[PDB]
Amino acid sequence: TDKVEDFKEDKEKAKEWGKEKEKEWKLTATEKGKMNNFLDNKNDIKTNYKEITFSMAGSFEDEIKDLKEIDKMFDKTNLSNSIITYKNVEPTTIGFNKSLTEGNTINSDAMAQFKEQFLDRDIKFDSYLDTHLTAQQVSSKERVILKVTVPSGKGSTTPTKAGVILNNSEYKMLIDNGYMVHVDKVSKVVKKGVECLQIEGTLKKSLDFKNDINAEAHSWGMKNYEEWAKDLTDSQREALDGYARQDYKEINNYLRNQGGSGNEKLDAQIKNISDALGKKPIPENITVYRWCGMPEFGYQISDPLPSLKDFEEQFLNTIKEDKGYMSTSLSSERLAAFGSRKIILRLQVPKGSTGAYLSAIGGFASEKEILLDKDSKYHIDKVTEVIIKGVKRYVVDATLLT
C-alpha cells in the first residue's frame, strides 16, 4: 500500500497541505484567472463544455481560446504527494439513470443495479474532475460519494497531470481529462442519518484529445506509428492503401455480410490488412470516437431516439461486435459528413488492443484515424446525454475487449 495522504474531515490540516501544494503548479495570475473563470462557469463555459467538445469547427470560438490555454496548464503540473480526494455527485452525472434514493434511504434494488453497472469498471467523466481535500457535506441530490485516490506518479515515467488550485476560498484538486476513475469498491454509508453510496476508486490514465483544440492528436499518432507505416511490407502497404481509397466499402460488406466466403481476392487483401494491424499493439490506453447512425444500433431512420430507459434496457451492459473493420477517430470534432447522427460512441481502447494509427500512411486515409482489426467486441458501460444545437444526442461509453 503506497504512501497516501487522507485528511478525512480535518479542513485545517488539509488547508495547510493545500497552501503549499498550490505553489507547486506555478500558474501565472492570468492562468489562474482563466481556470477559475471555468470552474465558476463564467459565460456558461462549464455548462456548455460537453457540447463544445462534440461541436463542429468554428463553434464557440471565444470559449475555445480559453480552453486551449487551460489544456496547456495541465502540462505544467508537478504533484508532489499522493492523496485521497472527495467529491459528491448526483447519480445522473456519472450515468446512473435509475432511481437511487427514497428520501434519506437508498433503494435496496438500486445498490444492486449500481454495483452491477460500476463495480470493477472505469468511469469516464465529461469534464475536468475537480475534487476536495476533505469529505464534503451531503446534499439532497448529490448522493454518490466519490472517494478517489490520486497517485502522484512521482518516480515514474508518467507523472499525474493534476494540481491544486485555490478556488472559492478553498484548495481543490484539479485532474486532467486524460484520467478515468477505476471503481475498486462500492458500499452504502450513512452521513448525518442520510444514506449515500460510496465509490472508492483510483485514477487510471487514458489519453483523450476531445475535439483536439491544440492539434496534438496527429503528433501523438505519428510519434507512435510513423515507424510502423515505414516498415509495412509492399503487400501490406498496397492492401491498406486500397482499403482507405475505396476498398473499405466492399471489404466490410463482405465481412459483415456472410464473410469468409468464396473470394480469394478479398481474403488475400483482408489478410494483409489484419497482419499489418497486428504488428504494433496500441501502446497505451486511449479514448477514440465514432459518430453512429441509427441502423448501427438496430433502429430505423424514421425512429425518434428511444427514451433513456429503453435504450439502456436494449444496450446497457451488453457486448456489441463487428465482423468488419471499425474506423474511429482520436478527435470528437463533429464533421458535416456525419454531424447529424444521434449516437456518439466514446470508446476506451486499452493498451495492447489490435489496431493502428492508419493516418500515418497518408494517401486516402481519414484524419486522425485509428483503425481497429475485424471481429471487434466492446462492452457498453454507460449512456448519457448531450444537447448539440438544441438537439439531444446519446453518448455511449464503452470499453474494447482485448
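Each residue number is its position in the shown sequence, starting from 1.
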property: Segment of higher mean CA temperature factor, 330-338 or 37-45; result: 330-338
property: Of 305-313 and 263-271, the stretch whose C-alpha atoms average the higher B-factor in the entry; result: 263-271
property: Residue of maximum C-alpha B factor among 104, 287, 113, 152, per deposited coordinates; result: 104
property: Most elevated Cα B-factor in the entry, residues 73, 207, 148, 239; result: 239
property: Third of the chain's Cα B-factor distribution that residue 365 belongs to, per the entry; result: highest
property: Residue 97, C-alpha B-factor rank within chain (lowest, middle or highest third); result: lowest
property: For residue 229, the third of its chain into which the C-alpha B factor falls; result: highest
property: Ranked C-alpha temperature factor of residue 387 among modelled chain residues, by third; result: middle
property: Third assignment of residue 254 from its chain's C-alpha B-factors; result: highest
